[PDB]
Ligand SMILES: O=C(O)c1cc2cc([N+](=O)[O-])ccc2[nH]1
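Quick setup: one chain, the form deposited without 5-nitro-1H-indole-2-carboxylic acid, written in structure tokens, and binding and motion questions come after.
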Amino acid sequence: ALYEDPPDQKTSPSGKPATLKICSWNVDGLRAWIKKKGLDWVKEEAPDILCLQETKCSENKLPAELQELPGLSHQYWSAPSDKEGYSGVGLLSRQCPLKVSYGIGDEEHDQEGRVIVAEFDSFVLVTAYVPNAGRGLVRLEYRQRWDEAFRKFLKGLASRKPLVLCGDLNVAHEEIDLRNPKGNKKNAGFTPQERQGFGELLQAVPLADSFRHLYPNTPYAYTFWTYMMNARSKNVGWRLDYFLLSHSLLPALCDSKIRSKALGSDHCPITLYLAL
């Protein structure tokens, strides 16, 4: 019932050394996260680009520590206009992007600050916080609508450059991605409608589940554990955080990580190495 994240593999399949280290983490709140010393572990990872989801904090109410991160001086936030402590995503980068835009260009789905998109010389990075279908699946329909707006949106960006999607995509693709498949098929995150919406995304915007791509058979690898009953302690989790990317980027895929032990949230960070 235990999992050990293999060592960082920092070379491409052609022996090309990694040049980019992208780190994605669902902070469950910037302030609750800072307090748990998550901004600590980040300094150690020293990524090139750091995507954060569920910042629970507008861009104007940013903590002083953040702007004062060591290398990530090109920050970009996206929070719900008249809300707080709800959703929110950020994309800090050591290098300044070519262009940055927010949302997926579809009025109904750009109301909750969930997507940030940054274009870089060789590719376009897109961080996201897919909307949870909530308890009682009361937002399942909206989710099914979002899934499509996003899938379609992604395919367009894809037709311009190779694509990379870092983020909490609220869904455990296969039974191996969650500790309790047999009993969550009716709960947000593992419903047919969602699971088979993730698959159809990988299949339509030529996208690969970087982790499962490299580690087709590793189980118990999760990125989320409910604070309820120390689920993390017993490793009863869900792999909801991903790094999906264009098939034309596999040649540059070095490794895709799952920082199982970094604390600071109810999600463990996940890192990605690419040789560009």
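Numbers for residues come from their place in the sequence shown, where the first is 1.
There is also a form solved in complex with 5-nitro-1H-indole-2-carboxylic acid; it is not shown, and the following applies to it.
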{"item": "Placed ligand check: 5-nitro-1H-indole-2-carboxylic acid in the deposited complex, overlay by site C-alphas, backbone/C-beta within 2.4 Å", "value": "open"}
{"item": "Contact residue in the deposited complex, from 87, 101, 95, 187 (heavy atom within 4.5 Å of 5-nitro-1H-indole-2-carboxylic acid)", "value": "95"}
{"item": "In the deposited complex, the one of 23, 268, 252, 20 near 5-nitro-1H-indole-2-carboxylic acid [non-hydrogen atom within 4.5 angstroms]", "value": "20"}
{"item": "5-nitro-1H-indole-2-carboxylic acid contact in the deposited complex: residue 120, any heavy atom under 4.5 Å", "value": "yes"}
{"item": "Interface membership of residue 244, 5-nitro-1H-indole-2-carboxylic acid in the deposited complex, 4.5 Å heavy atom rule", "value": "no"}
{"item": "Touches 5-nitro-1H-indole-2-carboxylic acid in the deposited complex: residue 207 (any heavy atom, 4.5 Å)", "value": "no"}
{"item": "5-nitro-1H-indole-2-carboxylic acid contact in the deposited complex: residue 48, any heavy atom under 4.5 Å", "value": "yes"}
{"item": "Options 61-69, 207-215, 227-235, 48-56; stretch whose heavy atom lies within 4.5 Å of 5-nitro-1H-indole-2-carboxylic acid in the deposited complex", "value": "48-56"}
